[PDB]
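Trainee: Take a look at this one; I'll ask things after.
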Amino acid sequence: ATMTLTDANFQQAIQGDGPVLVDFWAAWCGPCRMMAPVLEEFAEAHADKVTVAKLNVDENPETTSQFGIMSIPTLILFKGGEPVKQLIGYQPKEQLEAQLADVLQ
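Residues 8 to 112 in the numbering used here are what the sequence shown spells out, letter by letter.
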């Protein structure tokens with residue numbers, strides 16, 4: 008699948024006609040430093056059923072600003088440019104994969 012990306016490629020990911028998990032963390036956020044390793048297992052667990060596309064939020068102001076993406080750790084799931092769902096805060100796997108099941112199903 009996809010992997011870590013930057014601003015001009017955020018778009019070129021989210022436009023795609025498949026589950027693009029955009030994995031918003033940042034270089035300082037205490038809980039995102041603990042969710043990022045949780046989100047490494049959450050990459051592996053379905054690694055080619057979903058794009059996972061991790062980035063340091065501050066580097067991509069584009070469309071981050073539009074969807075209120077200062078609440079990091081944040082996880083938007085896109086396809087076709089359309090965010091079908093958006094999750095925030097350190098959810099465990101059993102809550103994340105449950106909420107996100109509506110694209111893993």
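Here a beta-carbon is modelled for each residue, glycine too, at the ideal position from N, C-alpha and C.
Provide the residue span of the beta strand (DSSP E) that contains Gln93, from first to last.
Mentor: 89-95
Trainee: What would DSSP say about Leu28, mapped onto helix, strand or coil?
Mentor: strand
Trainee: Cα-Cα, which of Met77, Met41, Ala108, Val45 is closest to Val91?
Mentor: Minimum Cα-Cα distance from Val91 among the listed residues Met77, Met41, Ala108, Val45 corresponds to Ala108.
Trainee: Verify the contact flag: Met42, CB atom, against every heavy atom of the ligand MN, threshold strictly below 7 Å.
Mentor: Absent from the structure shown: the ligand MN. Ligands present: none.
Trainee: For the 8 Å Cβ check, are there 3 or more pairs between the stretch 68-83 and the stretch 39-53?
Mentor: Cβ pair count under 8 Å is three or more, so yes.
Trainee: Hey, which unbroken runs of the alpha helix (DSSP H) at 4 residues or more fall wholly within the stretch 14-66?
Mentor: 14-21, 37-51
Trainee: Might you give, ordered along the chain, the residues of its own chain that have their beta carbon closer than 7 Å to the beta carbon of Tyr97, omitting 5 neighbours on each side?
Mentor: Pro38, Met41, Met42, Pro80
Trainee: With a threshold of 16 other CB atoms inside 10 Å of the CB of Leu84, please say whether the residue is buried or exposed.
Mentor: buried
Trainee: What is the rounded straight-line gap between the Cα of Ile95 and the Cα of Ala34?
Mentor: 17 Å
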